[PDB]
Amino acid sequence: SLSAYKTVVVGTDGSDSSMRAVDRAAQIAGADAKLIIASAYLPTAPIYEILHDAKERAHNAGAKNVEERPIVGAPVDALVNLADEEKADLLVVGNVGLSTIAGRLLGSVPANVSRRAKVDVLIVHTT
């Protein structure tokens, strides 16, 4: 008798593939959940334009409670910290990878399956 996701965080770097993850995250967050869009600062900084556009796409997709957020430093650690400070219950990202031997050999199976079967993959954490 679980409840719907209340705090969704989605990462975007502005790529077209990335925007699809934003849309899906928007559809899930809807009008009752909080949607946080994040982007890693690799280098007004250009990231803010990416966040703004992403925030607009989210609104057009149905997300009413949207906010942007730059990620600083080692992205994954920052993301985990964000999830904890915002008590996120769902994290979303768009699949991506390299078509080279190394790029593929060093990947993760979930990302691989997602690409192989052109499907989305959901990992449910355990208490």
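Start at 1 and count along the sequence shown; that's the residue number.
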Report summary line: Taking the deposited Cα B-factors and averaging over 23 to 31 and over 71 to 79, the higher mean is found in 23 to 31
Query raised in the report: Mean C-alpha B factor from the entry: is it higher for 94 to 102 or for 45 to 53?
Result: 94 to 102
Report summary line: When the entry's CA B-factors for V8, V124, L2, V121 are compared, the highest one belongs to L2
Query raised in the report: Lowest, middle or highest third: where is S114 by Cα B-factor in its chain?
Result: middle
